[PDB]
């Protein structure tokens, strides 16, 4: 299965014309994040048949030199967001390796679909592109991943990501859920949760090679 066919199947079920005109006007008038050519970077770097793990985000970062189309990831020169810092700390305490670059494109190549539920945002305006169509599209993307793959790992951090369990066939796919890695919640469930090694354990139990979460 290809991303293009799933995208077309989605376009048959929902009209995206008004959303297109809105986003075109937005990119022409204001500063929209991420860059236009990076909106679907999570899909470009993780072809559908390469999906092993799905980590859901929420909104893209809304500051300069941050978002680039992947959930949680930021550009190489960016300061580390706190959630990403705690993700790396849990990775060190879980797998044993310390990551020094703040981008996750190697995770994407390894098969980790880093999917925000909303894919664009105006600079400095949180939730500015909410309720324009991204939610429907990403819900359908989650449904398609649940349907057209045999067994994948969904890492659902936080309550909003856990609300998407209704869209996942829990009989087929592994669900790793905990509180958000945000510093506001990391010490209430995230630290010690060991999501990376659990995902790799499930992948090996289903006959798939594990994710190399470390740098290389």
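Residue numbers count along the first chain shown, from 1.
As listed in the deposited structure, the average C-alpha B-factor of 92-100 and of 105-113 is greater for 92-100. Here 61-69 and 28-36 are compared by their mean Cα B-factor, and 28-36 comes out higher.
Across the residues 43, 154, 157, 191, the deposited record lists the maximum Cα B factor for 191. Ranked within its chain, residue 166 lands in the highest third, by CA B factor from the PDB record. Among the modelled residues of its chain, residue 120 has a C-alpha B-factor that falls in the lowest third, as given in the PDB entry. Residue 146 sits in the middle third of its chain by CA B factor, as recorded in the PDB entry. Ranked by Cα temperature factor within the chain, residue 77 sits in the highest third according to the deposited record. Per the deposited record, the Cα B-factor of residue 177 falls in the middle third when ranked against the other modelled residues of its chain.
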